[PDB]
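These notes concern the structure reproduced below.
All values below come from the heavy atoms of this structure, side chains included, with hydrogens, waters and symmetry mates left out. Sequence lines set the chain letters: A, B, ... in the order given, protein chains first and strands last, and positions in each chain run from 1.
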Amino acid sequence: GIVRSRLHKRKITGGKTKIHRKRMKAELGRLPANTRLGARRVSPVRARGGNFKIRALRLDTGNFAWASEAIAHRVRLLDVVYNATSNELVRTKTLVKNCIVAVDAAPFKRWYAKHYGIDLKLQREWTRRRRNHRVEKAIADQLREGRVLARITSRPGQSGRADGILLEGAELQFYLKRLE
Amino acid sequence: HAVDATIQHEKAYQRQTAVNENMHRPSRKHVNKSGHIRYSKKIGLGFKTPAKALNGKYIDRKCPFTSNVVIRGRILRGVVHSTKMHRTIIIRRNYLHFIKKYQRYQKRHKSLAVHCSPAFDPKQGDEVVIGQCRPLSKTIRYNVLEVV
Amino acid sequence: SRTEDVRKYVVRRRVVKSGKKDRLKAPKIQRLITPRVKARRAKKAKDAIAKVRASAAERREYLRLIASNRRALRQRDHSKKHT
Amino acid sequence: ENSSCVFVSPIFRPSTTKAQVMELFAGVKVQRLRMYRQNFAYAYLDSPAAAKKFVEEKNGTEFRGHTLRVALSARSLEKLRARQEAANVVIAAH
Amino acid sequence: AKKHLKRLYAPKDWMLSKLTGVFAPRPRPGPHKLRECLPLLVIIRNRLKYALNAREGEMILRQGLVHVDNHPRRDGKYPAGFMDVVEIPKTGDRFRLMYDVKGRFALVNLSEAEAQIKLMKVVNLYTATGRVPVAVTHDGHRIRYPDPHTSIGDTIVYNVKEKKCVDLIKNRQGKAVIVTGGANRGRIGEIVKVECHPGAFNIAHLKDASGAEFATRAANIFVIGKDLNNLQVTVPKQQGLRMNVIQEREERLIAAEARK
RNA sequence: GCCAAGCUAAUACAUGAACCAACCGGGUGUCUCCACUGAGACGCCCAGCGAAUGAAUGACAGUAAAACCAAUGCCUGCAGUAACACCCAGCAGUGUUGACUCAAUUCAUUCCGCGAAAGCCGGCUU
RNA sequence: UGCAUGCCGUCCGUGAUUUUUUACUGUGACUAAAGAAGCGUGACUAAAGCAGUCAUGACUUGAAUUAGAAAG
């Protein structure tokens, strides 16, 4: 089947390698997952040593983290907006590592209100928490609009998950200009 | 911070994997002299980290001082032969080989492809020290450690 | 009933061979729980909790040693300043 | 072994004022309260001799809110005074 | 997936003749390495002559009559190695496995008191789950709470009956060691200095009791005592002193003449 | 090389164990007290191994005398001083390597693989 | 469980300061057997082999040692 050996490649001299052995199972490759956006569907794959790889065919939910607050939430995925490999992957809505997506922002708004007492009991730890703390205008604008941009940090074709992190800082401005 | 146009020349954002640059209360462990957060490490075999690694702004995975590439195996010396490729050079090692039947020597040489980090700026004819690492491309197995 | 003995109600088969006494064949009963078996099971739980209890005790002795050696150094320092 | 000072636990400094402790104390006691361990409280009676207030009540009874324990403190107020004299010289010496 | 061992490929120290069989017993994985062990069948059939062949060796071993480190071993391919304690209670024999001055395996007789302990060399230190420090030994032991002063070069005195550590000996400048590998295997010396070459093999310089100098790699030295006169283990007869080849031959000739 | 029906084992397959039984932490509601906030109950959650993502730790080792605020510790003003508001007054302030984004630990969210074989013998009612 | 505590040259880690290799040569380390060299041994000799020798066992039996390109 698919192989990952260097035998079929040319030498740096341009010469041709003469192969004198058959293909071995220890150097195989497999067909790509091509994970899409939709209702969950996965397929297990028995890998070397007896361990199992989870090949995701379709996903629509994931675990996304707000790095500044060091928290995370489970949210629904809405769209694929950008991809550095090619925009034909955006057209088909393919999920891969390091692609930019838009997720639901409602759970993050609820956590903000319950942790800081801010809408975007006697013990007021909120006053202590808001001290020397501020939020970026770029994030708050999206939190009010309903959707917020994020970056996939997992490999869906290897683990069956679509986890990620919200975009902040200069990386957010980089992708906003590329989408403008 | 703002976007550095002198660095972001690719379709994807360039960043270091080890640290997070968007931190409101950065830790002094990875704080650079110019405020910002930068990851750098000390490689082992009595080599010194260049000042551009600690205080620069270049992003380079496959750099032994600012990424997860580690040095283990052989340490060699050679002269710089070509610098036409991007972030990689060709070095030459010249040596004498002994023939037993005719009790005499003959000149021989070998060529190697070496990854060069933006911390160094070698020129053709210079001498460098290189160290073995994991395979980085079809031909590259070494990294530049010092320029003489 | 639940407490009735089941060994008595097992089906026996009679085998007749010429010039020999009759053969009675009955199966060996499986999953018959006896007091010997009941004691064997209960011992397994008792020793599992015992092994874990011993491991916690070993941890306490190690932490006692680390703290004791740490306090002697600062006690010695205070002794030098006092004299 | 008979000692002047006696140890009181687990009184809490932020929840009780200074006036509350001598309400339980019989009298002639000098009070000191500690915050590194909240429970700590040292009572040096003027004429303790046989500590009747310590042998009685103590573990048997309970303070406000929580049960209490008392033990002989094996601390002499004279030695503290001796250190106080040396300390005042040190403050003057500097 | 190798499971055979040709006789010509077997270690020379086993002393198996080339003409009396094509194969040799292949040791199983276990406490010691394949190239640095001595299988139980070789101990019981060769060396000691309690068994005349492999059939009689199996009869003895599978009854549980041979104890290694206070435990019955029933496999003739079990790998036994340096500093192991072997006891056969029915016969009443106790030995320790060591190296003689010529580098060969030697069985040293032990008293009942001396059979309760063995020396263990640390090879690694790591932290297990729950923040538990673990020390890995040259014979595959894992000690769950070593002394806080333990280092990778040190030696641990281990009581095998109670399964408890008793003492620790550190690898220092003034300690006595024995060489476990290389050309100097079996020699007993005293450390003079250790050379550190980061990334490569450290080199140890040693001094024999007779003043002779020799060196080995740092991974081939085994601490056995605080000086050449206070050893915590019993060593073979020659006391780890290499003898001149010319001199050794001359004495052997004289002894033969007097004996006859 | 094969089909259908009827019987029946498990160390095959599936399911499944409360109290005995601990230490430690995170988030939150009703009671007491202080001061004009702080402390302690009480409730209420949730905290195993392993896997995934995110946030911290994974040390220090280029200079020295002293003021001023608010909060704290200890003495009756700055001596004395591992840390910590009681049950534990020393129950980790200290992993390894030449080198690590490694070992291990805490926090947030998420898996949706993990029997004490529900096992078998023997010696003496256990 | 303080059951505790006291009666000049060096060692080790980290920063600052500036520089000499290669080659040849002497030692040393690390380097499977079988094969080659050779120490001992009256398998009746020898080609061999690693054994055996002597007075309820001993020899605390023996099985020594060397050379093997170049590169590291």
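- Put simply, A:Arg40 has a side-chain N or O that comes within less than 4.0 Å of OP1 or OP2 on F:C112.
- Not a single donor-acceptor contact under 3.5 angstrom links the side-chain atoms of B:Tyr95 to the base of G:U22.
- Pairing between F:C49 and F:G113: present (Watson-Crick or G-U wobble, both distances under 3.5 Å).
- Residue contacts for D:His66: at a heavy-atom cut-off of 4.0 Å it reaches the sugar-phosphate backbone alone, with no base atom in range.
- In this structure, CD1 of C:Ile66 is placed 8 Å from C1' of F:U94, rounded to the nearest angstrom.
- When side chains are defined from C-beta on, B:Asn94 does not count as touching B:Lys107, because their heavy atoms never get closer than 4.5 Å.
- Below 30°, between 30° and 60°, or above 60°: for B:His30 and B:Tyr39 the angle between ring planes is between 30° and 60°, a tilted geometry.
- E:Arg187 and E:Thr216 share no side-chain donor-acceptor pair at under 3.5 Å.
- Classification of the C:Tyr62-E:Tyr145 ring pair by plane angle, with boundaries at 30° and 60°, yields tilted.
- Annotation: B:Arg74, atom CZ; neighbour count of heavy atoms from other residues, nucleotides and ligands within 6.0 Å does not exceed 12.
- Across all strands shown, E:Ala200 has no heavy atoms under 4.0 Å from either base or sugar-phosphate atoms.
- E:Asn109 comes within 4.0 angstrom of no nucleic acid atom, judged by non-hydrogen atoms across all strands.
- Counting atom types as modelled, C:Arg36 pairs a side-chain N or O with a base atom of F:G122 as donor and acceptor under 3.5 Å.
- Contacts of E:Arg131 with the nucleic acid, taken as non-hydrogen atoms under 4.0 Å apart, include base atoms.
- Within 4.0 Å (heavy atoms only), D:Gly65 reaches no atom of the nucleic acid at all.
- Taking the six-membered ring for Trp and the full ring otherwise, the centers of E:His205 and E:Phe214 sit at least 6.0 Å from each other.
- When the P atom of F:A55 is taken as reference, atom CD of B:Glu21 falls 12 Å away, rounded to whole Å.
- Heavy atoms of E:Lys18 sit under 4.0 angstrom from primed sugar atoms or phosphate atoms, though from no base atom.
- B:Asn22 places a side-chain N or O within 3.5 Å of a backbone atom of A:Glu168 that can act as its donor or acceptor partner.
- A donor-acceptor contact under 3.5 angstrom links the side-chain atoms of A:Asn63 to the base of F:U109.
- Contact annotation for C:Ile33: no contact, since no heavy-atom pair falls under 4.0 Å across all strands.
- The separation between E:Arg259 atom CZ and G:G62 atom P is 12 Å, rounded to whole Å.
- Across all strands, E:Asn124 comes closer than 4.0 Å to no nucleic acid atom at all (heavy-atom distances).
- As judged by a 4.0 angstrom heavy-atom cut-off over every strand, E:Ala215 is placed among residues touching the sugar-phosphate backbone only.
- Within 4.0 Å of A:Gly160, counting heavy atoms only, lies no atom of the nucleic acid at all.
- The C1' atoms of F:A108 and F:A92 are separated by 26 Å, rounded to the nearest whole Å.
- Base stacking between strand neighbours F:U110 and F:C111 is detected by the criterion of six-membered ring centres within less than 5.5 Å and interplanar angle below 30°.
- The base of F:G27 lies outside donor-acceptor range of the side chain of A:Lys114, with no N or O pair under 3.5 Å.
- A stem is defined here as three or more consecutive Watson-Crick or G-U pairs, each with both distances under 3.5 Å; for RNA chain G these stems are G:52-54 with G:57-59.
- F:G119 is unpaired under the criterion used here, namely a Watson-Crick or G-U wobble arrangement in which both key atom distances are under 3.5 Å.
- Side-chain atoms of C:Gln75 stay outside donor-acceptor range of the base of G:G6, with no qualifying N/O pair under 3.5 Å.
- Residue-level contact check: E:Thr216 touches the backbone only, with heavy atoms under 4.0 Å from sugar-phosphate atoms and none from bases.
- Here C:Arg31 lies in heavy-atom contact (under 4.0 Å) with sugar-phosphate atoms only.
- With hydrogens and angles ignored, a donor-acceptor pair under 3.5 angstrom links the side chain of A:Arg161 to the base of F:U110.
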